[PDB]
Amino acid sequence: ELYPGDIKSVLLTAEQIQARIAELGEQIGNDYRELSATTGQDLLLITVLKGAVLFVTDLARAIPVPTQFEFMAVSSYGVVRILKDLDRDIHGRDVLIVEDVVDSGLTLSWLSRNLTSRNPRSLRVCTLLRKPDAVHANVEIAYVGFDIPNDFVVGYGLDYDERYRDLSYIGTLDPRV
């Protein structure tokens, strides 16, 4: 065990995650199958740094169609500041936003509006985890991995002060941390 005592409870084991991603990729693959030959360009996965890097690497390999990578680095104004923009113009591209968790959905709403103004051919959202407050915002999420309670969790990219990211499983963090 990496963090003894810090993990209060195990929410999603590594077995659950990889199995869900396996069938998530198949679903995404089935939907974007008539686009690798109907258009001419591969599915574009856009990921916000950095908690969703573990998920996007497993997902891209789980999707049975060719996929490309694009990353974004953002920070909150203390509406978010762009620390690192995309490398390519996503005009006429099939873009799939890949998130790790959607709670308030504020940044997701911003990102959705920001990418759509770049005029993609298509634009959908895929997240590994969805929290109850994501009902209050509504950005249409076509691909949801898991619906979980409103408890702070870590593991599989998810963090608390840049820690617990390297966990293969997703568990609930102990409040004493």
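Numbers follow the displayed sequence, beginning with 1.
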| item | value |
| --- | --- |
| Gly78 to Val79: deposited residues without atomic coordinates | 4 to 9 |
| Between 146-154 and 38-46 (mean CA B-factor, as deposited), the higher | 38-46 |
| Comparing 117-125 with 28-36, the one whose average Cα B-factor in the PDB entry is higher | 28-36 |
| Highest-ranked of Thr57, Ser112, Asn138, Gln68 once sorted by CA temperature factor in the record | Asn138 |
| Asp166 - Cα temperature factor, lowest/middle/highest third of chain | middle |
| Third of the chain, ranked by Cα B-factor, where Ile21 sits | lowest |
| Ranked C-alpha temperature factor of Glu99 among modelled chain residues, by third | lowest |
